[PDB]
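*Asks:* Provide a 3D model corresponding to the input given below.
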Amino acid sequence: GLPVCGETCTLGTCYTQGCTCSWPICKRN
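*Replies:* Residues are numbered from 1 along each chain as shown. Let me share the structure:
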């Protein structure tokens, strides 16, 4: 529930842990 992954998910991928694709970024917990 926090977009503190520091990655964008416009491509539909996230390398960060527990991070979920939340266009255009990634959100973990």
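
*Asks:* from residue 19, how far out is the residue sitting furthest away from the middle of the chain?
*Replies:* Residue farthest from the centre of the chain, counting by CA atoms, centre = their mean, is residue 11 at 10.7 Å. Distance, residue 11 to residue 19, by CB to CB, to the nearest Å: 13 Å. Heads up, the C-betas are built off the backbone N, CA and C, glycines and all.

*Asks:* quick check: residue 20 touching residue 13?
*Replies:* No. Between residue 20 and residue 13 there is no contact under CB atoms under 8 Å: 11.2 Å.

*Asks:* of the two, give the one with the bigger neighbour count.
*Replies:* Applying other CB atoms under 10 Å to residue 20 and residue 13 shows that residue 20 carries more neighbours, namely 15 against 11.

*Asks:* list the beta-bridge partners for the more buried one.
*Replies:* Counting by DSSP bridges, residue 20 is bridged to residue 27.

*Asks:* residues in contact with it?
*Replies:* 14, 26, 27, 28 (CB atoms under 8 Å, 6 or more residues apart in numbering).

*Asks:* residue 27 now?
*Replies:* 1, 2, 3, 4, 5, 19, 20.

*Asks:* and the residues you listed, which of them are in strands?
*Replies:* Among those, DSSP state E puts 19, 20 in strands.

*Asks:* compare the contacts of residue 27 and tell me which has the most neighbours.
*Replies:* residue 19 (21 neighbours).

*Asks:* residue nearest the centroid of this structure?
*Replies:* Centre-nearest of the chain using CA atoms, centre = their mean is residue 26, 1.2 Å out.

*Asks:* pretty sure that residue sits against residue 5.
*Replies:* Yes. Look at residue 26 against residue 5 with CB under 8 Å: they come within range, at 3.8 Å.

*Asks:* chain center to stretch 12-29, what's the gap?
*Replies:* Relative to its parent chain, stretch 12-29 has a centroid offset of 2 Å by CA atoms, centre = their mean, to the nearest Å.
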